[PDB]
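All remarks here apply to the structure that follows.
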Amino acid sequence: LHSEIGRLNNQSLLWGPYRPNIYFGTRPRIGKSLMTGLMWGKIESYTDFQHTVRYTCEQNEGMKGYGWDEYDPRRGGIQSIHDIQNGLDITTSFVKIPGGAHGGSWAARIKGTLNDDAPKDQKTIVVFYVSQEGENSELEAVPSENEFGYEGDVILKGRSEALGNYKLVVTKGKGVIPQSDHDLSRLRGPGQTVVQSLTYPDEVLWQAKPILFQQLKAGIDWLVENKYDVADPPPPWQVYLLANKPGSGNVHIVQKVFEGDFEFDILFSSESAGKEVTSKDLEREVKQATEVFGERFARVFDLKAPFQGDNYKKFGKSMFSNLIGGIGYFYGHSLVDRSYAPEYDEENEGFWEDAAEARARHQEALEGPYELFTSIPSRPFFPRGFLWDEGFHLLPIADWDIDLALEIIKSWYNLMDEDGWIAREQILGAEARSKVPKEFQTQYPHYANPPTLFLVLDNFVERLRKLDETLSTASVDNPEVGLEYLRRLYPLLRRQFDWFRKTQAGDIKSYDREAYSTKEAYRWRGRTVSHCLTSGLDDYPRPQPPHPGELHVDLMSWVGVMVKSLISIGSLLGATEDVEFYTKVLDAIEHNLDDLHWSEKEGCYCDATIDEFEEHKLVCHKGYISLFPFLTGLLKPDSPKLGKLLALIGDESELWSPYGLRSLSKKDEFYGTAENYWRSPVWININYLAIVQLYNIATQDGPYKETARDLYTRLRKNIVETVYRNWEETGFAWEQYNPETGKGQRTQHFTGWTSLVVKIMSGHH
Ligand SMILES: COCCc1ccc(CCCCCN2C[C@H](O)[C@@H](O)[C@H](O)[C@H]2CO)cc1
């Protein structure tokens, strides 16, 4: 029954529009297979299309916004794109039709409406680009009856081992199609849908834009060769229409030109399913999908006061759909330094200069291939897996579809190397690499990242202890299934736990350091003079200068987070030998957090270093770091220390802004200095952990219950309103929010842990 559910999940999740890096396109969860992609662009001139054409996601003054209004990766969804440059409002509805043996069928409708400012007669080039990778597969465009192109639908017939037999149909569409009176129409037709079938070596099929332009350029060359010139040039839109040449190959360009508003359909028909998929099928399944999305959202995301209002419902639907709608499939080689240089042991004073030298050897090489199914922080800037980010992405996703979240976790843990390492940023394949400068691609097997995925596993474990609808919850509804998953994952959790202790160990015994345990002390490998990237909190102030004597209170608390989980999971598997180890380590951490990190002078937690005179110094920077034992749920509810932290969280003059908790205190000397990334702004993910821990303390008998209740009430309000106001004004989820003005700053389309807001509103943790 475990194997059974697994196969049903595979079959359910196989197809999706899993290319979040481009505005719209589809690929299955298969590394070398069939992919599609949409491109569009107004044409007003002879040179303009090259600049107007749209394909990969960006965010500039040209684009008002875009994103999913509804989405379930099982069923499909509706995406809206608001394009100022090209005067278009576009809809992309995508839908999956289960059936057959090969992961079902699917259909998409592309509708573009010219906006109010666009010329009523605008000419817009639309391209649907289709590639297929694999040695033993075939794909052919059925030629048309007409001489120059297609009056009607374009039919591609294809086959591969993976997908069996299929047909992909690009319908004729609605829309005026412009007609050219020029001489050239005697050779290229007056204007019709056209198809080019090409072959390129498999590894470059992803480069749709250059591949396209190569053809456009070859057509224009041919005009110039065949005496077409400026004495009498054809219209631009016809200069940019490809000579029809359908056939077979691993690339198929389908091109339409519309005047005015337009719409057309894509129908992908798995041959091993029922009958082929029709446009009426599309329409039905789209409507059905909304009803289902609707009914689920009300149950799963029941917004409590004061957010029960319809405005907040729209907002939640947007933040949710954008988060889950970023789910992508990625495949290929990564760039890793497998040298394991001594300098990366960071044992020296000045270890950052050593480590710079080791990198300067450039021993990194491509390895893999690897595959990851995962949600992402940022369609337009970083459409890729980020390790601790996924901890946050999956909390709302798990609520929606726990089996979907377990899939993603499984996908992440399958990356883990023999040592227990997962690179914190997954750049898989040449396509993924195109977005990242060569200088930042290399991962380092000594670089950790908060193990936030345990937080999801935590929630699954509590859910466990206490057909699309069915599948979504099958791993909790069927206890044996739940358990077997954990049985299989457990070895890797532990491996990672062990890897943290192996690679990210602090030095107690080599200095004048007394503490209840000689084991427990941690220090993030990777830190440079001004940064500690690995911790998540790029430029939060740390001991200066960095030093092998450092111990970081956040890291220790993450280890705490892991042990607590290992205990929970271990006990469910009865690994008794193990659970006793875990308890002896939990105990030590709790003590050692105090002995090593607590400050009585300052009334919060601190990082440590060791002095110019070689003794342990606390280094206090009041902020997120300072609250860490609390954020990660490690303090007892009656603890004096908790109370003192509640004072610090509460205190406007330190961390409490009208807009949420400040990353760093206004009284810290580093407030709003340098890049000011984590040095004042409000970050939703850390605010989320604060909110969840406050509510825990609020709903339990104890001393701080009623202060906690106040702070919860108010924080949740402040965080939700801030993210909401900004969404209302700008259309965007933002990466962080400004403590003074409440304005969203840095990156837009951050969905991204900003979406945690849907869970904040819905409460009952
Ligand atoms: C115009 O726009 C500027 C574009 C631009 C694009 C990508 C980049 C590199 C990658 C950015 C990492 C972001 N972020 C950092 C957070 O601190 C960290 O906690 C988190 O894990 C990670 C992701 O969520 C830099 C700049």
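Each chain of the structure tokens is named A, B, ... in the order shown, its residues numbered from 1; ligands are numbered from 1 in display order.
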Which residues of stretch 329-368 of chain A come within 12 Å of stretch 399-418 of chain A, and what is each one's closest atom pair and distance in Å (one decimal), counting only C-alpha atoms, sorted by chain and residue number, as JSON lines?
{"residue": "A:329", "atom": "CA", "partner": "A:411", "partner_atom": "CA", "distance": 10.2}
{"residue": "A:330", "atom": "CA", "partner": "A:411", "partner_atom": "CA", "distance": 10.9}
{"residue": "A:331", "atom": "CA", "partner": "A:415", "partner_atom": "CA", "distance": 11.7}
{"residue": "A:333", "atom": "CA", "partner": "A:415", "partner_atom": "CA", "distance": 11.9}
{"residue": "A:334", "atom": "CA", "partner": "A:415", "partner_atom": "CA", "distance": 11.0}
{"residue": "A:336", "atom": "CA", "partner": "A:417", "partner_atom": "CA", "distance": 11.8}
{"residue": "A:338", "atom": "CA", "partner": "A:417", "partner_atom": "CA", "distance": 11.5}
{"residue": "A:367", "atom": "CA", "partner": "A:417", "partner_atom": "CA", "distance": 11.6}
{"residue": "A:368", "atom": "CA", "partner": "A:415", "partner_atom": "CA", "distance": 9.7}
Could you pull out the residues sitting within 10 Å of ligand 1, using only C-alpha atoms and all ligand atoms, and write them as a ChimeraX atom specification?
/A:58-60,376-378,380-390,424-425,435-437,440-441,449-450,532-540,677-678,683,685,735-736,746-748,750-754
Could you list, as number ranges by chain, every residue within 10 Å of residue A:65, counting only C-alpha atoms and ignoring same-chain residues fewer than 6 positions away?
A: 58-59, 80-84, 89, 730-732, 748-749
Name the residues of stretch 259-421 of chain A that come out as strand (DSSP E or B) in a backbone DSSP run; write them as a PyMOL selection string.
chain A and resi 259-270+328-336+365-374+378+382+385-386
Tell me which protein, DNA and RNA residues are within 9 Å of residue A:558, counting only C-alpha atoms, leaving out same-chain ones fewer than 3 positions away, and put them as a PDB file with N, CA, C and O atoms, in the first residue's frame.
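Output saved as out-v6.pdb:
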ATOM      1  N   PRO A 450      20.087  26.601   7.491  1.00  0.00           N
ATOM      2  CA  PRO A 450      19.205  26.178   8.575  1.00  0.00           C
ATOM      3  C   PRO A 450      18.393  24.972   8.098  1.00  0.00           C
ATOM      4  O   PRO A 450      17.925  24.932   6.961  1.00  0.00           O
ATOM      5  N   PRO A 451      18.243  23.922   8.933  1.00  0.00           N
ATOM      6  CA  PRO A 451      17.501  22.733   8.532  1.00  0.00           C
ATOM      7  C   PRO A 451      16.001  22.910   8.709  1.00  0.00           C
ATOM      8  O   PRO A 451      15.381  22.121   9.422  1.00  0.00           O
ATOM      9  N   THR A 452      15.421  23.898   8.011  1.00  0.00           N
ATOM     10  CA  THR A 452      14.038  24.298   8.252  1.00  0.00           C
ATOM     11  C   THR A 452      13.046  23.230   7.793  1.00  0.00           C
ATOM     12  O   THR A 452      11.865  23.264   8.153  1.00  0.00           O
ATOM     13  N   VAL A 553      24.662  31.382  18.185  1.00  0.00           N
ATOM     14  CA  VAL A 553      23.571  30.866  18.996  1.00  0.00           C
ATOM     15  C   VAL A 553      22.452  30.318  18.106  1.00  0.00           C
ATOM     16  O   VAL A 553      21.766  29.358  18.489  1.00  0.00           O
ATOM     17  N   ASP A 554      22.312  30.890  16.896  1.00  0.00           N
ATOM     18  CA  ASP A 554      21.288  30.437  15.957  1.00  0.00           C
ATOM     19  C   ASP A 554      21.537  28.997  15.511  1.00  0.00           C
ATOM     20  O   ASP A 554      20.606  28.191  15.503  1.00  0.00           O
ATOM     21  N   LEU A 555      22.798  28.672  15.184  1.00  0.00           N
ATOM     22  CA  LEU A 555      23.161  27.347  14.695  1.00  0.00           C
ATOM     23  C   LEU A 555      22.819  26.289  15.740  1.00  0.00           C
ATOM     24  O   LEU A 555      22.238  25.257  15.391  1.00  0.00           O
ATOM     25  N   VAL A 561      16.608  22.056  17.041  1.00  0.00           N
ATOM     26  CA  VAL A 561      15.387  21.825  16.284  1.00  0.00           C
ATOM     27  C   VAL A 561      15.441  20.405  15.728  1.00  0.00           C
ATOM     28  O   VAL A 561      14.420  19.711  15.729  1.00  0.00           O
ATOM     29  N   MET A 562      16.642  19.967  15.315  1.00  0.00           N
ATOM     30  CA  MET A 562      16.771  18.664  14.675  1.00  0.00           C
ATOM     31  C   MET A 562      16.591  17.542  15.703  1.00  0.00           C
ATOM     32  O   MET A 562      15.862  16.585  15.436  1.00  0.00           O
ATOM     33  N   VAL A 563      17.244  17.670  16.874  1.00  0.00           N
ATOM     34  CA  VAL A 563      17.176  16.628  17.888  1.00  0.00           C
ATOM     35  C   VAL A 563      15.724  16.415  18.284  1.00  0.00           C
ATOM     36  O   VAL A 563      15.262  15.283  18.366  1.00  0.00           O
ATOM     37  N   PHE A 628      16.878  33.502  19.202  1.00  0.00           N
ATOM     38  CA  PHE A 628      16.820  32.243  18.473  1.00  0.00           C
ATOM     39  C   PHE A 628      16.313  31.073  19.317  1.00  0.00           C
ATOM     40  O   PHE A 628      15.457  30.336  18.845  1.00  0.00           O
ATOM     41  N   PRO A 629      16.820  30.826  20.553  1.00  0.00           N
ATOM     42  CA  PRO A 629      16.325  29.718  21.369  1.00  0.00           C
ATOM     43  C   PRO A 629      14.806  29.756  21.466  1.00  0.00           C
ATOM     44  O   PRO A 629      14.157  28.706  21.500  1.00  0.00           O
ATOM     45  N   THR A 632      12.771  28.918  17.873  1.00  0.00           N
ATOM     46  CA  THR A 632      12.928  27.540  17.451  1.00  0.00           C
ATOM     47  C   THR A 632      12.258  26.620  18.466  1.00  0.00           C
ATOM     48  O   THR A 632      12.394  25.407  18.368  1.00  0.00           O
TER      49      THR A 632
END
Which of stretch 80-258 of chain A end up as alpha helix (DSSP H) when DSSP is run on this backbone - answer as a list in words?
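Answer for stretch 80-258 of chain A restricted to alpha helix (DSSP H) is residues 185, 186, 187, 188, 208, 209, 210, 211, 212, 213, 214, 215, 216, 217, 218, 219, 220, 221, 222, 223, 224, 225, 236, 237, 238 and 239 of chain A.
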Output N, CA, C and O atoms of each residue in that selection to a file, as an mmCIF file, in the first residue's frame.
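Saved as part-v3.cif:
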data_model
loop_
_atom_site.group_PDB
_atom_site.id
_atom_site.type_symbol
_atom_site.label_atom_id
_atom_site.label_comp_id
_atom_site.auth_asym_id
_atom_site.auth_seq_id
_atom_site.Cartn_x
_atom_site.Cartn_y
_atom_site.Cartn_z
ATOM 1 N N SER A 185 3.755 37.642 -50.799
ATOM 2 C CA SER A 185 2.687 36.722 -50.429
ATOM 3 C C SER A 185 2.517 35.627 -51.484
ATOM 4 O O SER A 185 1.874 34.602 -51.238
ATOM 5 N N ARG A 186 3.079 35.874 -52.675
ATOM 6 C CA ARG A 186 3.048 34.898 -53.756
ATOM 7 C C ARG A 186 4.043 33.785 -53.424
ATOM 8 O O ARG A 186 4.007 32.733 -54.029
ATOM 9 N N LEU A 187 4.901 33.999 -52.424
ATOM 10 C CA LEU A 187 5.933 33.025 -52.097
ATOM 11 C C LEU A 187 5.833 32.573 -50.644
ATOM 12 O O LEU A 187 6.169 31.435 -50.359
ATOM 13 N N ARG A 188 5.347 33.452 -49.751
ATOM 14 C CA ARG A 188 5.255 33.158 -48.325
ATOM 15 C C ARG A 188 3.798 33.075 -47.857
ATOM 16 O O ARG A 188 3.514 32.786 -46.697
ATOM 17 N N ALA A 208 15.506 28.559 -26.367
ATOM 18 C CA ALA A 208 14.444 28.781 -27.338
ATOM 19 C C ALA A 208 14.618 30.124 -28.069
ATOM 20 O O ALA A 208 14.428 30.213 -29.284
ATOM 21 N N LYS A 209 15.009 31.168 -27.329
ATOM 22 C CA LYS A 209 15.027 32.510 -27.870
ATOM 23 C C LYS A 209 16.098 32.611 -28.964
ATOM 24 O O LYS A 209 15.823 33.040 -30.092
ATOM 25 N N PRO A 210 17.371 32.236 -28.699
ATOM 26 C CA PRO A 210 18.381 32.250 -29.757
ATOM 27 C C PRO A 210 17.996 31.345 -30.934
ATOM 28 O O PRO A 210 18.230 31.702 -32.092
ATOM 29 N N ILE A 211 17.406 30.171 -30.627
ATOM 30 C CA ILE A 211 17.065 29.193 -31.648
ATOM 31 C C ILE A 211 16.045 29.802 -32.599
ATOM 32 O O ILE A 211 16.185 29.652 -33.813
ATOM 33 N N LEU A 212 15.061 30.504 -32.022
ATOM 34 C CA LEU A 212 14.048 31.214 -32.769
ATOM 35 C C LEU A 212 14.713 32.287 -33.619
ATOM 36 O O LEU A 212 14.512 32.332 -34.834
ATOM 37 N N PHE A 213 15.493 33.157 -32.975
ATOM 38 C CA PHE A 213 16.032 34.289 -33.707
ATOM 39 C C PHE A 213 16.902 33.821 -34.869
ATOM 40 O O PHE A 213 17.021 34.498 -35.881
ATOM 41 N N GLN A 214 17.530 32.658 -34.718
ATOM 42 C CA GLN A 214 18.411 32.186 -35.766
ATOM 43 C C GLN A 214 17.562 32.056 -37.028
ATOM 44 O O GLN A 214 17.959 32.546 -38.080
ATOM 45 N N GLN A 215 16.331 31.544 -36.862
ATOM 46 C CA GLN A 215 15.393 31.307 -37.953
ATOM 47 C C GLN A 215 14.834 32.612 -38.542
ATOM 48 O O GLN A 215 14.803 32.796 -39.757
ATOM 49 N N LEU A 216 14.361 33.507 -37.672
ATOM 50 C CA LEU A 216 13.938 34.829 -38.092
ATOM 51 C C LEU A 216 15.027 35.471 -38.941
ATOM 52 O O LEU A 216 14.723 36.054 -39.980
ATOM 53 N N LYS A 217 16.276 35.386 -38.469
ATOM 54 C CA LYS A 217 17.387 36.031 -39.145
ATOM 55 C C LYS A 217 17.599 35.386 -40.509
ATOM 56 O O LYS A 217 17.957 36.084 -41.453
ATOM 57 N N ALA A 218 17.374 34.065 -40.600
ATOM 58 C CA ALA A 218 17.627 33.325 -41.832
ATOM 59 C C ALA A 218 16.578 33.679 -42.892
ATOM 60 O O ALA A 218 16.893 33.762 -44.081
ATOM 61 N N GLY A 219 15.331 33.879 -42.434
ATOM 62 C CA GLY A 219 14.236 34.381 -43.242
ATOM 63 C C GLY A 219 14.546 35.775 -43.773
ATOM 64 O O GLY A 219 14.375 36.017 -44.959
ATOM 65 N N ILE A 220 15.009 36.685 -42.904
ATOM 66 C CA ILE A 220 15.293 38.063 -43.302
ATOM 67 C C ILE A 220 16.432 38.067 -44.323
ATOM 68 O O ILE A 220 16.376 38.820 -45.300
ATOM 69 N N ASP A 221 17.450 37.217 -44.080
ATOM 70 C CA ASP A 221 18.580 37.067 -44.986
ATOM 71 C C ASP A 221 18.067 36.727 -46.377
ATOM 72 O O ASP A 221 18.500 37.328 -47.358
ATOM 73 N N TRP A 222 17.101 35.804 -46.418
ATOM 74 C CA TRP A 222 16.526 35.304 -47.653
ATOM 75 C C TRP A 222 15.770 36.409 -48.404
ATOM 76 O O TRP A 222 15.939 36.553 -49.614
ATOM 77 N N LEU A 223 14.949 37.199 -47.690
ATOM 78 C CA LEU A 223 14.398 38.422 -48.252
ATOM 79 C C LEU A 223 15.514 39.207 -48.943
ATOM 80 O O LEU A 223 15.369 39.616 -50.097
ATOM 81 N N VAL A 224 16.628 39.424 -48.231
ATOM 82 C CA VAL A 224 17.611 40.359 -48.741
ATOM 83 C C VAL A 224 18.285 39.757 -49.965
ATOM 84 O O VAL A 224 18.622 40.475 -50.888
ATOM 85 N N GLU A 225 18.399 38.432 -49.986
ATOM 86 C CA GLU A 225 19.051 37.716 -51.068
ATOM 87 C C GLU A 225 18.149 37.728 -52.298
ATOM 88 O O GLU A 225 18.631 37.845 -53.425
ATOM 89 N N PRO A 236 6.359 44.695 -41.422
ATOM 90 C CA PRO A 236 7.258 44.080 -40.440
ATOM 91 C C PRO A 236 6.768 42.699 -40.019
ATOM 92 O O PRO A 236 7.542 41.740 -39.941
ATOM 93 N N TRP A 237 5.461 42.623 -39.763
ATOM 94 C CA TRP A 237 4.883 41.412 -39.229
ATOM 95 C C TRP A 237 5.048 40.257 -40.216
ATOM 96 O O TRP A 237 5.055 39.089 -39.831
ATOM 97 N N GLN A 238 5.226 40.591 -41.497
ATOM 98 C CA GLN A 238 5.416 39.551 -42.489
ATOM 99 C C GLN A 238 6.905 39.284 -42.700
ATOM 100 O O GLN A 238 7.285 38.176 -43.056
ATOM 101 N N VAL A 239 7.748 40.293 -42.473
ATOM 102 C CA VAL A 239 9.182 40.065 -42.441
ATOM 103 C C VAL A 239 9.538 39.115 -41.291
ATOM 104 O O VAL A 239 10.592 38.499 -41.312
#
